[PDB]
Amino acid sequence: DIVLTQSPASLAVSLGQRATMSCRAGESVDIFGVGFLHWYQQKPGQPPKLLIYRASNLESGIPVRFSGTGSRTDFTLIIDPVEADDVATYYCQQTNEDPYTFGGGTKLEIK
């Protein structure tokens, strides 16, 4: 199955600063050029929440301070500016192929 690796394991940022994080796939997750790589926000004690699908498409209701890039194997989630609501663990997931797999998470904290 396609292993997803996220870095860093945790990140502490100041309110208003830029946060960026990595999701790398051990095999390509593209379908006709589009990465079937999605990003979820999991706030403490809550279920995951979809932020971005197919690498760079924001779900409606997600503010534009969130963005994503990437194709094939190397993906990036960007949050700028970071706001207090954004405390959470961020996960990438691929649905290019069964079984669906998830990265290990990047835990975002505000200092």
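In case it trips you up, residue 1 is the first one in the sequence shown, and so on.
K.L.:
Taking the mean of the C-alpha B-factors per stretch from the entry, tell me the winner out of 23-31 and 48-56.
P.N.:
The stretch with the larger mean CA B-factor is 23-31.
K.L.:
Mean C-alpha B-factor higher for 11-19, or for 84-92?
P.N.:
Comparing averages over the C-alpha atoms only gives 11-19.
K.L.:
Using the B-factors in the PDB entry, rank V64's C-alpha atom against the chain and give the third, lowest, middle or highest.
P.N.:
Highest third.
K.L.:
For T73, does the deposited CA B-factor place it in the lowest, middle or highest third of the chain?
P.N.:
It falls in the middle third of the chain.
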